[PDB]
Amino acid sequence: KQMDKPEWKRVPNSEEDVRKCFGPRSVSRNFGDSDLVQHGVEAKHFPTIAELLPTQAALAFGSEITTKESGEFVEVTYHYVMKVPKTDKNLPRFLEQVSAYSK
């Protein structure tokens, strides 16, 4: 069903993985190791990683949001910044996911 939803409402899993939902890892979409890419939210360590992912409301009210018309679409850009304490136990495994494809 994920691929029947708009891209921004997709929740990847083992059936419909990250590759199928959001395409291959790149400079534009750089988050997720092989495990997360293949199993999405069903990945073993995803719950640990998700501790440093903002909520839907936090994204809305904590981001700089800009829009511009692009063909038959309105392109919405979110710029969100969050500071995580270096002592955070979930931070190491999260950082390993950042540009994991290039590591």
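One-based numbering along the sequence shown.
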Comparing 7 to 15 with 21 to 29, the one whose average Cα B-factor in the PDB entry is higher: 7 to 15
Which of 48 to 56 and 73 to 81 has higher mean CA B factor, as the PDB entry lists it: 48 to 56
Cα B factor band for residue 41 (lowest, middle or highest third within the chain): middle
For residue 99, the third of its chain into which the C-alpha B factor falls: lowest
